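So you can see what is in the structure, the chains are spelled out below.
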Amino acid sequence: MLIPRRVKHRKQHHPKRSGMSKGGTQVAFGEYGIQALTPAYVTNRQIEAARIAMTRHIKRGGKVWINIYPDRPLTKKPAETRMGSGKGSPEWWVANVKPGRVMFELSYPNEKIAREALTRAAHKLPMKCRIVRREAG
Amino acid sequence: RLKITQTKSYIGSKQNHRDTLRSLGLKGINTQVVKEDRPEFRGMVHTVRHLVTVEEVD
Amino acid sequence: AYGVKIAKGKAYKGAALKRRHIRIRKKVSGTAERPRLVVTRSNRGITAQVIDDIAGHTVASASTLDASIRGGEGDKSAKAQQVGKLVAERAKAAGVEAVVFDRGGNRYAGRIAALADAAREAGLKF
Amino acid sequence: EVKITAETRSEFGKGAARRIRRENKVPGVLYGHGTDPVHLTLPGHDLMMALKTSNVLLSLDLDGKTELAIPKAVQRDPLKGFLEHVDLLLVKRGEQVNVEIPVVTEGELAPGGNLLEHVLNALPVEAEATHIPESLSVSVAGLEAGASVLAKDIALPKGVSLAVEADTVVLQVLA
Amino acid sequence: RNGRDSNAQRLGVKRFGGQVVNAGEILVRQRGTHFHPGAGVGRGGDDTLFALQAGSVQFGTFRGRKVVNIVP
Amino acid sequence: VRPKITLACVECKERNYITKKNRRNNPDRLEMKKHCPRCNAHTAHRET
RNA sequence: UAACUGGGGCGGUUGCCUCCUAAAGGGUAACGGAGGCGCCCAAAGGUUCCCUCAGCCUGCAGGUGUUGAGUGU
RNA sequence: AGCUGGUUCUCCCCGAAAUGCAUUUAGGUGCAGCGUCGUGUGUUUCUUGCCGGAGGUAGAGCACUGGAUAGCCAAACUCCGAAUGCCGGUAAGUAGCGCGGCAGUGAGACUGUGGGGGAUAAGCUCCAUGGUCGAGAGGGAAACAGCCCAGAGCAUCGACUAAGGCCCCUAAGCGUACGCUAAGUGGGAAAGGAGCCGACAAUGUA
RNA sequence: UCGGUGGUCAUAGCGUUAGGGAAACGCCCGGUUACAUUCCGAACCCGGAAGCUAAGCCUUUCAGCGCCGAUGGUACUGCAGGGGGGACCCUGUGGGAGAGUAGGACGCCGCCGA
């Protein structure tokens, strides 16, 4: 489960979600990828659940890259506490994913199994996703 | 020359839009003013382009 | 100007002198009323010109290449006395009374003192 | 060579270009060889069919004047995929230009959990503007993990030379 | 343990280019020398830039560094 | 630790200036020269 | 026998300096996000003159190094 | 009684505030902001064009600091960097300022945009910048201070329009022409599945 | 055709390649005094002119590293409107980057003295 070993500021603002991705819109490492279609915050738990889905489905061979890293801290106050008296402690680590970002990458010999593994991952994610193939530049 | 007619109310518009209409000489709905085609007046029309209609008259 | 870099082995004399010259030129500017009075100190001779940095032009100038000094008796220290005298004359001629001396990076002693004194007794106010 | 009809663009800016794409035409600019850029409007559909091929040679039927051009840079909508802009570079018959050619790997890796990584999607080479090969083929059969194919390992067709240092890795095989 | 701040200082440029000034007016209030003093401009004790002579304010780059200048 | 001293010269016998000075660093009665306005001279003001 | 206070009490804070929030002049709130101050130096002030560092490599010395060192706090 | 209530005839002209600093201070008050009247000044105000300026936001980027599997991320990162806004000059077009008398206000609300706290809540709360209500009648949204149109001196059994509408309730089209929808979709909603499903609370259609 | 002193502050730099000594600049050899070294005439200061362009300096080749860099488009945005259950998305009119591409560039402009 992915956590930053060190972060300069524990308490941070909510990463804004307007606009498209700055970059990382195209398959870079593997042969197949998951491209987001809507903005969201993907928590470190959600990335882990997706990663297990792909790796378990292929079961051997093939290599999976995770292009995004959940390094933005989100905070939550103790339950049943009135408003005020400071900010809460960080609870969830989120990667600010915007539309167009390629999140996961996968290389595998069999195309059908690759697509199936990618789809199983998508249903663990909180946004609409599309499967993209590496364009032969 | 420009024939400028005010077609929309000034209510709900920004303060500078109100002053632009006043400077053009417009004073209400359906009022008209005639001005020379000069960069200042073309600019005033553009500022309140949604509140006036401009017709080109010799 | 904006200073120069440092040097290594050779060219350290040149860089250090130039770097020193800039240090002196951050408080000594060539005005219109009192021009600059740069004085270069080479191995052979010693030149001195009266520059107008605000305009960029040079008003007067004298050196050891002039006939008055080029070939004669005396060591450098006494040889700068001629250079001091003429440049004072060539400055008095073109309407100049007060000037701002600058060392040029080298220290104020020996010829630089001697040249200054020769120019200073000729009328110019330092 | 692909013949495509092209019109001249006179309106520039955000509003003009959006209207053009709304009409299903792709704005373009033709430059190179010290000439003043010529601003073009292109038929969107004919363009995409032509651009399916990498470094396709286009003969622009520009206002009764035919000019040779090569798509140098193309801007696509990052999400929907339709063309937004084309940069066309002038090329005369038989002059050398530097272009990127995709590499297609032939054969099947040696059996095992070996995977092929494309470190460079396209190999930069200089080739004659009219005889640009569609792709460069590489034999990777029998390769094992850790084996890396260099640029100088690629068998170029005649008339093509590398535009990158000979030691740059293009392909690699991972566990 | 947060919630502490220092009340604002109103720094910044106080006379802009093309603005006619009288000798001694404040041109810039600043921390450090973001702008250096040029012709006819003096530096105060706390980096303040003030005109030495009446004229128009004009910014520029003298000797590779941003300066303020007064043009009589 | 740093007390306020009052300087005074040997002529005007008027207390002109006051300043800080670390006791333990300068235990010896501090001294310097100032402009005494009564004397109108640059005399020496021995610390009181 | 104080006030503030997402009712009041409990807890916390109250003046000054720096940064971000602060939306490219200035200013701008919250029991918003990070820190400091209640000094010190008789030189760590003034002036004149002179020098350039950190880091790296080689065996105090040499080569490289233009700011990545230092600037009482 | 820093508190609650009450304060009686009319019309004409103008017409706010719910903000800043400080406060044994927070539902009070002093000063400043915003109103009015008198007097002096007279275009000095404001709007638009052009001209001269400083910047470090949106965006973008990794050259510094940090995070991080050649591709990436950052309120307290910046090699870069607008649009606007602000200061001054000038041209054209149509209130400003000084000095005094008298105030009220200093509990704001919703809606558009840029943000913080909150939980990618609240008809929540705290800021910045517009609008309306407050103090605003009239028309529309079925009713509905804050939304859309529009600023009511008075009369009018005339005409043209704005938002919104034109089968009947109810003023005006069963309008003309092309195409789509078969679900009363229109007349509420998601991941997801093959206009549809997903669809699901209590008085009575609703 | 070179020496001194300025402006712009890399389109100028860095590196690389071939050279130059007519005056000039410098290397250069010495420490007698004035002057100096946290020790050393290495540096500063002093007095000359044996040798030399080997280095500095000047000229010169290369676009190699660094540097500058359009037009077109895009993001963004003032003003005015739409849409969406919401996070948010879109357009008309005015303005318009960053990155990247074609390319540029082995500086340029003054004043004196030989």
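Residues numbered from 1 in each chain as written, not as in the entry; some residues may be left out. Chains lettered and ligands numbered in written order. Part of a larger assembly, values for the part shown. Heavy atoms only, no water.

Structure determination for this entry is recorded as cryo-EM, at 3.13 Å resolution.

Under the PDB entry, the name given to chain F is Large ribosomal subunit protein bL33, and the source organism is Streptomyces fradiae ATCC 10745 = DSM 40063. Within the Protein Data Bank, this record goes by the title "Structure of the 50S ribosomal subunit from the antibiotic-producing bacterium Streptomyces fradiae". UniProt annotates chain F under Sequence similarities (unreviewed entry) with the comment "Belongs to the bacterial ribosomal protein bL33 family." (UniProt positions renumbered as here; feature names shortened; annotations may be inferred.)

The PDB entry annotates chain A as Large ribosomal subunit protein uL16 of Streptomyces fradiae ATCC 10745 = DSM 40063. As stated in UniProt under Sequence similarities (unreviewed entry), the record for chain A gives "Belongs to the universal ribosomal protein uL16 family." Per UniProt, chain A carries the Function (unreviewed entry) text "Binds 23S rRNA and is also seen to make contacts with the A and possibly P site tRNAs."

**Student:** Even after reading the chapter, I still don't get the interface of chain D and chain A, so can you show me in this structure?
**Tutor:** How big an interface is tends to be stated in terms of accessible area lost as the parts join. At the interface, 10 residues of chain D touch 15 residues of chain A. When the two sides are added together, the surface that chain D and chain A hide from each other amounts to roughly 1,100 Å², 61% of it contributed by carbon and sulfur. In terms of surface lost to chain A, no three residues of chain D exceed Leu79(D), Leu115(D) and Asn121(D), which account for 49% of the buried area on that side. At the surface where chain D touches chain A, the tally comes to 0 salt bridges. Remark: the boundary between chain D and chain A carries 2 residue pairs in polar contact. (Contact = heavy atoms within 4.5 Å. Buried area = accessible area lost by both parts, 1.4 Å probe. Salt bridge = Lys/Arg side-chain N within 4 Å of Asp/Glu carboxyl O. Polar contact = N/O pair within 3.5 Å; in protein donor to acceptor, adjacent residues only side chain to side chain.)

**Student:** How should I be thinking about the arrangement of the chains in this particular structure?
**Tutor:** In this assembly 2 pairs of chains touch, with chains A and D having more contacts than any other pair. One thing to see here is that chain C and chain D don't touch, and their nearest C-alpha atoms sit 35 Å from each other. Between chain D and chain E there is no contact; the minimum C-alpha to C-alpha separation amounts to 32 Å.

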